[PDB]
> 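First the structure, which I've put down as structure tokens, then a few questions once you've had a look.
Every chain is numbered from 1 and lettered A, B, ... according to where its sequence line falls, protein lines coming before strand lines. These values consider heavy atoms only, across backbone and side chains, with no hydrogens, waters or symmetry-generated copies.
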Amino acid sequence: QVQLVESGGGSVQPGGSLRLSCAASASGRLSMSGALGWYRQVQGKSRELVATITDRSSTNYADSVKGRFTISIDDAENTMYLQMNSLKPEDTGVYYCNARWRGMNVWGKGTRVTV
Amino acid sequence: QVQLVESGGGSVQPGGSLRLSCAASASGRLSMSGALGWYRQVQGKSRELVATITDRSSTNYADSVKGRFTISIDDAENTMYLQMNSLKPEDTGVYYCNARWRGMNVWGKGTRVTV
Amino acid sequence: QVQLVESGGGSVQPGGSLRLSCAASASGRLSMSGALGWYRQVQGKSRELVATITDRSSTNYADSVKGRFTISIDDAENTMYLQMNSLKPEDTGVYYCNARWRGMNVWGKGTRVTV
Amino acid sequence: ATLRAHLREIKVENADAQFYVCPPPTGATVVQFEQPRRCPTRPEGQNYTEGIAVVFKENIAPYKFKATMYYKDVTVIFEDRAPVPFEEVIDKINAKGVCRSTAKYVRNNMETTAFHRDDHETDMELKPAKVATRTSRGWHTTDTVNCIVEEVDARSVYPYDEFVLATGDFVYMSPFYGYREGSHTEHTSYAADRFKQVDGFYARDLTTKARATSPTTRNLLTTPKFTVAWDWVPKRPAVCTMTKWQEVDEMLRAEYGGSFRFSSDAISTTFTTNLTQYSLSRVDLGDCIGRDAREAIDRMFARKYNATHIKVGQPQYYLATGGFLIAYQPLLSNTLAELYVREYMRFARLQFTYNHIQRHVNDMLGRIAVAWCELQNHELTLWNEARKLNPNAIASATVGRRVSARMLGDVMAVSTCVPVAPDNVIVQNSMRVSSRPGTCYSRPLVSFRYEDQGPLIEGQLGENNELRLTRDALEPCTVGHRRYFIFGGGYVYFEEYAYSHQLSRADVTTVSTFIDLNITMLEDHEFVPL
Amino acid sequence: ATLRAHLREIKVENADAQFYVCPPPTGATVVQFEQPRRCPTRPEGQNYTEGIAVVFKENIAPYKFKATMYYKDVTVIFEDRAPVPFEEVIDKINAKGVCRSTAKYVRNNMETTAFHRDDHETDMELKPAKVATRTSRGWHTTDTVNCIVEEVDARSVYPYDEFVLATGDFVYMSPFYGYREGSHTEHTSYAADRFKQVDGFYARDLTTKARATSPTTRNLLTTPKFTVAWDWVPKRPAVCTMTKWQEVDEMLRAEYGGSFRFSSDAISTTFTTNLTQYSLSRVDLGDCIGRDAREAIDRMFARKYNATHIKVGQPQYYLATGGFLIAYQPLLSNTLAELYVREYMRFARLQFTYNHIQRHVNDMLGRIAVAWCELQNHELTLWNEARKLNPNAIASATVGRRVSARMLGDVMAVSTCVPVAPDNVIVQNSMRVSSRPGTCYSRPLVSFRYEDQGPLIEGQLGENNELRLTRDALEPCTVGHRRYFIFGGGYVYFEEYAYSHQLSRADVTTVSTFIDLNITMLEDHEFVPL
Amino acid sequence: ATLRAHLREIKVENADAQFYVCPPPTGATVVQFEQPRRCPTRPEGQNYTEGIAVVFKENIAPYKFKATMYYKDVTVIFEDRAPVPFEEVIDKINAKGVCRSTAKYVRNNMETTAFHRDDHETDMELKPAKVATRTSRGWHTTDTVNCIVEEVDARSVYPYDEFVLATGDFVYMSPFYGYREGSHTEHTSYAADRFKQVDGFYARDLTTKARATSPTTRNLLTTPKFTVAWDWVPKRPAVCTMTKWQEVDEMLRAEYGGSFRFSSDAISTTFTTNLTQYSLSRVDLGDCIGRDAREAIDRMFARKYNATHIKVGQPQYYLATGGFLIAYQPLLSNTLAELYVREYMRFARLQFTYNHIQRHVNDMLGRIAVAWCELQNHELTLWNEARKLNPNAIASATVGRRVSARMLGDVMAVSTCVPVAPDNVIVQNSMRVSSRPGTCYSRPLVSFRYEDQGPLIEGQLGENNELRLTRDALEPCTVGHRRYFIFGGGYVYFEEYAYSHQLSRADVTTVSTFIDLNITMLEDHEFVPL
Ligand SMILES: *[C@@H]1O[C@H](CO)[C@@H](O[C@@H]2O[C@H](CO)[C@@H](O)[C@H](O)[C@H]2NC(C)=O)[C@H](O)[C@H]1NC(C)=O
Ligand SMILES: *[C@@H]1O[C@H](CO)[C@@H](O[C@@H]2O[C@H](CO)[C@@H](O)[C@H](O)[C@H]2NC(C)=O)[C@H](O)[C@H]1NC(C)=O
Ligand SMILES: *[C@@H]1O[C@H](CO)[C@@H](O[C@@H]2O[C@H](CO)[C@@H](O)[C@H](O)[C@H]2NC(C)=O)[C@H](O)[C@H]1NC(C)=O
Ligand SMILES: *[C@@H]1O[C@H](CO)[C@@H](O[C@@H]2O[C@H](CO)[C@@H](O)[C@H](O)[C@H]2NC(C)=O)[C@H](O)[C@H]1NC(C)=O
């Protein structure tokens, strides 16, 4: 079994910056994960793809986010971070971390972000 | 299962020459046969030994045939031949090819030769 | 099964000398024995230790025998010997050879010695 | 006399044996096996009873489909791999059956463009692969830079959020994803720029060059090592959450340590569960589980127990460790039922109340339960050691059909073997290595074809009619070599590393008793050749 | 829908699996196993009969205790070992918890004295060893010369003339020997100068430094390699000469070659004995054997035979090859008893007299005897080959508990193994050898502790939760490596020699039939990485 | 007390175990084993029934005899082999026990004559071979040119056209060929100049030098590698074409794919045949097959089925794949016969007419047939895998007697082993290699003799009392070596590569349960010697 402990949510005014984090138990090494990432829920929508690492060296970002946010990982801490700069009111919602290893899948309890 | 396709029989006047052949199916390699050869039947007798190769390098011939006939093989064509020369009326009969590999034995459908 | 063939017993006056021997069957090699030796019985006591080789290269002697007797072995003859010098009346009794290999124990039929 | 003629004639009737090409498994399908366990002692356990059981497991409903991979090999010396972009797949591969000589790659973190033999950009035709099977068909531009196209099997299991390719690689996108109304809500881990869906797509075979007679919707996805494409279809309708895995003819239940422990002679797994039944009817709307559990229990009872045992009550349900659900119906043999009758005169509720009756039953059934457990550990110990020596034979024996297998750590990887007709196989006349005089092949060299008009493929004869694509089994050449190898319902005899003849299985002696051998065996005397 | 949530939650429940540290056996305990035998033919034997039996063997009454070894290591380059004298054990090790830096040794047959780094004689305190188990505790001065103290298990068996240490070494002196009145007559092979007994001794733990609350009598002995000490206690009172080894549910007896031959399905051995009963009652004063034989025979008869057979007469006793005694009670089935009754109308005495009845029985039972014998040889042949491949698994399966084993020639050496809780084990992130780039470990590296606060010990993951202290299983670093290793109920997945994640046992497919696999398997296609 | 003296006394009475010299098989006798099969599922097959069966196979009537080989070894450096001419065999070997120092051979296609130490042609006497057994005697001139004479076993099978020697070589001439009237018509592949028959021949034993008391007819043949000779005897009178191979206690029969399929629990081979019976009575003149089939079917019926089943009709006959003939008698159980009786109330003809009765039977028996297949495949998979690890043990277990075996590809070669009395074997004191200090033997060295006064042969101790003639099993010497090897009904203990003592089999602990070991085992602790 793998546990994803999520942290770094909150509230800031427009143009502010945040840094979400998702740390994993020893039973799942993030640097070896097949696909890691952050997904956003909005009041009228399903889970949108925000930012992910779909191969140990690849990267993906939503069109409406590309250039503002940045995803990264730390193999020593076994944690991943989503640096979010220059936030907009539209960035408001519930963010959920996800990590999956060769068919095994895991979701974190989504943290709230509001602008 | 192995099969021997025998050919070259016929009628030839005294003093002539003839050449018998016995081709084998891929399931039995004549070059590796323990004993190969030709046997003759005549109205008053059982199968006489005519010519054989009783080891991969040793030829054997009947007394009345020694120096007159010759046995040989072709490993590419998986076929053996009996070259006959200076034919006599006495050589008339039914010739049968035989090949045997370590206890497994095979006989061809005898071809007639007449002088 | 192993058998100990004991010999060399007898009688001599004080100051004399004897040489006891204990030969073993091929099924037990004395030079590889964990503990070899001679034990004495007297009218008023159980088996007293006289002389032993308690490891392939270490010896032991009773206090009243130290420097007076000597134990040794022959690997070719598969036999052990107890050289007894300067015998005294107190040395009178029944001597028994013993050899033991890693839990397997064997005793010889005791030989008498008297002074 | 005459009987030998009939026997000789019948001895020509060879068995319907076939050859098999077993490719090495990639790990796209792995299976586990049981490990021997701590066997309990007879004094343990209480409330023993016998009954009929039906075991169910979570239904994952596998969805198998066909997918095509497109990629470029680059060698410059410096080996690299790259995906074929959508424009090249649609406008050149599907449109004309050709690839560009050019290929983008990365060296020292910088983009670079390779070219075939340093020539200019030009179209190159795709030609079918030589060694490829009729099923896993593929094509390539050569035999630098080389374009490759391969059709492979793919599998997705519930919830269908991903799929695995026959190469062992995963794709973190649902097979049902697409721009359609009911599809853009499916799972995906990739940016929108990495996926493309084409409506009204008309396929063109890279072999026959024939264009398809009907339109389709094709999905394309760019992975950093290849692009993948597959035909989109709407999601399959839902099915029952559990599948009937086993029908257990006799199953003993006992309470141990505040938990029920189940066991049988056949099922090598001893299910563990809580003492309280599961509320199945609240979730089993439409009786997906109830209908099958009732049908199977009644069928098994009627088939055997009908005249010798009595049903205690209605079927019960329990959830066990792992993904299992056990339907269970306890029974009482007629002889045991009479004991309860004679004590009652001084119904299910009575079962565990008569202490003196249950004390006898706990020992009687405890005897059997422990016997089965000790036996199963002995079988598992032998079977698990043999599995390491020959996984192909043990996977095939377990499954009851030929399969290719590999040990992959402590879990077995498996795949299907391709059958080859015996008339399409040819054995080579010699097993000596021409270029390395001191060495010889360990087993016969062969040439074969999957189809009657296909090209001849060079290989080596493996164990029990297996055909291997790599001529790698070798040995130092030793004098006095003699060997009989299994070959299509008979044997093939080799002497001094050279082929000699074929034997029928009837030409070799079959052993059964010492009397058969005492009249045949000799005191063999080695001749020590020069 | 909802049922999958319950299954997903139940899938979190892991089995009560544990790790085991199995150290290599030293040969202090060796066990034999049966060898297949020449099975007799059905025409052999006469006077066949069935019956109940109880097999007894010589009661060796093992006496297990704990002994402490004390010795000095010397390295000068030139390696040597020496025993600690009694004065140092009593006046420095027990009194203060220290050793002298000096150590006497021998070189070129002359006595010499070593010192720590050539320094002067100084006292040095002992520190507990890092790798030592909670039970097999030990201490040392360093980490030249080094003082060592170790506590080990010891065993002595009847007549108690010697004892063996857990190191595999023997001590040719009785554990009960001492200067006390009833002890000075026990066995000893050593001169009086090599032994010392201390009455009113008070121990002091080398760990807690706590001195004992009550006095004891401690024995000390000087062997040429080490000194041994143990607490003396008076000899245990006597016990029954034979012990009940096996209770056989059924046993056939037959006269063959002028001797009885006993055999059953359960017992893999067969007992040979004379046709004359042993006069047990003359030696079995107090009925140690008689009482148990009668109780067991009646219990087994009541448990089965009571309703279908009749006892021929009173129990009999026989002595067989090896250390065995067999109690036996022949039986007659009711259907066979009727034949004797009708043939009498023309009672143990009748049995082998009716040649016409016995001729049928000799063949009817001979059929069974030969069937069991041929079957046992088949099982022994398979089990004995598996034993050579994996002695740890075969020993554990035979015994029903985890044990460590070595093949030691043609006899198996065995030892107990230490359990380790799964939360005290950590798996390392890489399988590559840092100092040797072309080499990798074949199985995962680990770090663990025997107790929750103990120091971390470096090891390697063995087969089936075994933990090995030596990181020595290696391989060349081949490409495309994927592996699943068993690890605490679940599995641990490694890819390209790097740790990635842990799986539950439910995350891997379990096979049972070809139907389960036909819907899941794929025709695997290797991708051949660059 | 006294009981231990009796156990101690009986513990000396070890079993009548023996040693065996197992020479390597040459391939003169090869045997096959069964291969696993993909058997049909329960829904398959029709018209299932049960019955008694008797399986017969082609009677090959093996004819074993003794042959003598004569040849010259030549070394000139340049190794060669040549046959002895008839004149030297008759006028020197049989006349005086001597050979000529000269030997004709061929080098670069030219004839050449070798001489012993380049000396003139002189007679050399034959001395008996040192290593040869009492059965396969041999003699030679030396220990260049060496004259050799060996007596070997030979075998010929119907039609008796050839014979094989114990060396694995064939002779393509009938053992019965000769100049005599009824013999000159037998088979021969060799020219008349290569064969000679001597009437009135009187043999002269090469060891005792005694000339035979009676004349014989001796055949001599010259093969390019050796001359062979044997005593001629007139051909054995004819025997019936089939032999009774198996009496099958219970056999099921089913119709599948327009062919019958037979199966049983005992017979691992499932026979296949046409639906039409064979016209046996037209060929079996004198009822050699008929009489035995009727007699054996009645034996098995009377022995078991007599009270529980009814015979459907007279025995039937079928010819199957391979050389088999199956006599069969279908049966109906008393409880099944009642269904046919009650269905008639609305006799072989009825069996397959009542569709509803047969529908039940097809499933009821199909259940058993499939269970037996799955079980047999599991046994074959394990047995065939073990066979590769130890062919000597698996061959001996299969046959029920000690035999020497070798794998020879995919077909096992077999030969007899020579027994040696335990008092004729001596174990050497050390297992170190004197000339190679870093190397030691893996198993003990021995010295033995086949007969009580024969010369001592040097060898090595193999597994389970086997004696090997080649001291070739080696290992690098290691510290702390301890081993127990099986040796004549007991064990032999070696420590640090040196012999120490012998143990009775009763001196080692016999395993049974964890309770027996928990009281004996210790937590073993390594001592790591210097
Ligand atoms: C065996 O099963 C019976 C029920 O069939 C258990 O008996 C019940 O135990 C509880 C707790 O003590 C009582 O409240 C009930 O009144 C009992 N029911 C009956 C019908 O007697 C019993 O506990 C089980 N055995 C074990 C070892 O737990
Ligand atoms: C074939 O096997 C039989 C046993 O089935 C062997 O029979 C023995 O033969 C010798 C020599 O004629 C007799 O002295 C023995 O009395 C026979 N024993 C039995 C139990 O009948 C026979 O030795 C074997 N054949 C050969 C050629 O050795
Ligand atoms: C089978 O057992 C019977 C005894 O129950 C044996 O018969 C005895 O044989 C001796 C020696 O001939 C006679 O002195 C006795 O009078 C016999 N006793 C009875 C009661 O008949 C018989 O020998 C045994 N079978 C075999 C093969 O030895
Ligand atoms: C099962 O066995 C019966 C015979 O015992 C087969 O029935 C016969 O079929 C032929 C061909 O149609 C008819 O000519 C006969 O009249 C039938 N005989 C009887 C007694 O009914 C039947 O075909 C077999 N089943 C299968 C599947 O082959």
> Quick check on D/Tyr71 against chain E: is it the side chain, the backbone, both or neither that has a heavy atom closer than 4.5 Å?
side chain
> Tell me, yes or no, whether the heavy-atom count around D/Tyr256 atom OH, taken from other residues, nucleotides or ligands under 6.0 Å, exceeds 12.
no
> Which atoms of D/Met364 come close to chain E, meaning under 4.5 Å heavy atom to heavy atom: side chain ones, backbone ones, both, or neither?
neither
> Please identify, among D/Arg38, D/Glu34, D/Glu79, the residue contributing the most non-hydrogen atom pairs under 4.5 Å to chain E.
D/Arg38
> Do E/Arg37 and E/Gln376 have side-chain N/O donor and acceptor atoms under 3.5 Å apart?
yes
> What part of E/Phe494 gets within 4.5 angstrom of chain D, counting heavy atoms only: side chain, backbone, both, or neither?
neither
> Just so I understand: if I count every heavy-atom pair under 4.5 Å between each of D/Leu408, D/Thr29, D/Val399, D/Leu380 and chain E, which residue has the most?
D/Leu408
> Quick check for you: among D/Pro36, D/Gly323, D/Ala386, D/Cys417, which has the greatest number of heavy-atom pairs under 4.5 Å with chain E?
D/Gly323
> Kindly say whether D/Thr241 contributes a backbone atom to a donor-acceptor pair with the side chain of D/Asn59 at under 3.5 angstrom?
no
> Which of the residues D/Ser136, D/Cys39, D/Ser268, D/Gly400 is involved in the greatest number of heavy-atom pairs with chain E at under 4.5 angstrom?
D/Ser136
> Under a 4.5 Å cut-off applied to non-hydrogen side-chain atoms, are D/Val21 and D/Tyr450 in contact?
yes
> Keeping the roles fixed (side chain from D/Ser415, backbone from E/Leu522), state whether a donor-acceptor pair exists under 3.5 Å.
yes
> Does any heavy atom of chain D fall under 4.5 Å from the side chain of E/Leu530, the backbone, both, or neither of them?
side chain
> Using heavy-atom distances under 4.5 Å, tell me whether D/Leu389 contacts chain E through its side chain, its backbone, both, or neither.
side chain
> Is it the side chain or the backbone of D/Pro23 that comes within 4.5 Å of chain E heavy atoms, both, or neither?
side chain
> With a 4.5 angstrom heavy-atom cut-off, is it the side chain or the backbone of D/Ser404 that approaches chain E, or both, or neither?
neither
> Do NZ/NE/NH1/NH2 and the carboxylate oxygens of E/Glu463 and D/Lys388 come within less than 4.0 Å?
yes
> Heavy-atom distances under 4.5 Å only: say whether D/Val157 touches chain E with side chain, backbone, both or neither.
neither
> Check whether D/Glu150 gets within reach of chain E through its side chain, its backbone, both or neither, counting any heavy atom under 4.5 Å.
side chain
> Spell out, as yes or no, whether a donor-acceptor pair under 3.5 Å connects the side chain of D/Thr513 to the backbone of D/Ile515.
yes
> Report which part of E/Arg443 has an atom under 4.5 Å of a heavy atom belonging to chain D: side chain, backbone, both, or neither.
side chain
> For D/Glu379, is the CD atom crowded, meaning more than 12 foreign heavy atoms sit under 6.0 Å from it?
yes
> Please classify the contact between D/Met407 and chain E as side chain, backbone, both or neither, with a heavy-atom cut-off of under 4.5 Å.
neither
> Chain D: which of E/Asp524, E/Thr398, E/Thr520 shares the most heavy-atom pairs with it under 4.5 Å?
E/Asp524
> May I ask you to name which of D/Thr135, D/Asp73, D/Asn377 has the most heavy-atom pairs under 4.5 Å with chain E?
D/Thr135
> Please look at E/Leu3 and chain D and tell me whether the side chain, the backbone, both or neither of the residue comes under 4.5 angstrom of a heavy atom of that chain.
both
> Can you classify the ring geometry of E/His481 versus E/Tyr497 as parallel (below 30°), tilted (30 to 60°) or perpendicular (above 60°)?
parallel
> With a 4.5 Å cut-off on side-chain heavy atoms, are D/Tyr63 and D/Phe163 touching?
no
> Between D/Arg367 and D/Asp363, does any NZ, NE, NH1 or NH2 come within less than 4.0 Å of an OD or OE carboxylate oxygen?
yes
> Measure distances from D/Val283 to the heavy atoms of chain E and classify the residue's part below 4.5 Å as side chain, backbone, both or neither.
side chain
> Using non-hydrogen atoms and a 4.5 Å limit, figure out which bit of D/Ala132 sits close to chain E: side chain, backbone, both or neither.
neither
> Answer with side chain, backbone, both or neither: which region of D/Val152 has an atom nearer than 4.5 Å to a non-hydrogen atom of chain E?
side chain
> Between E/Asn518 and chain D, with a heavy-atom cut-off of 4.5 Å, which part of the residue counts as in contact: side chain, backbone, both or neither?
backbone
> D/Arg401 versus chain E, heavy atoms under 4.5 Å apart: side chain, backbone, both or neither?
side chain
> Check E/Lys11 with D/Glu58, please: is the shortest side-chain N to carboxylate O separation under 4.0 Å?
yes
> Is a donor on one side and an acceptor on the other found under 3.5 Å between the side chain of D/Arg406 and the backbone of D/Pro25?
yes
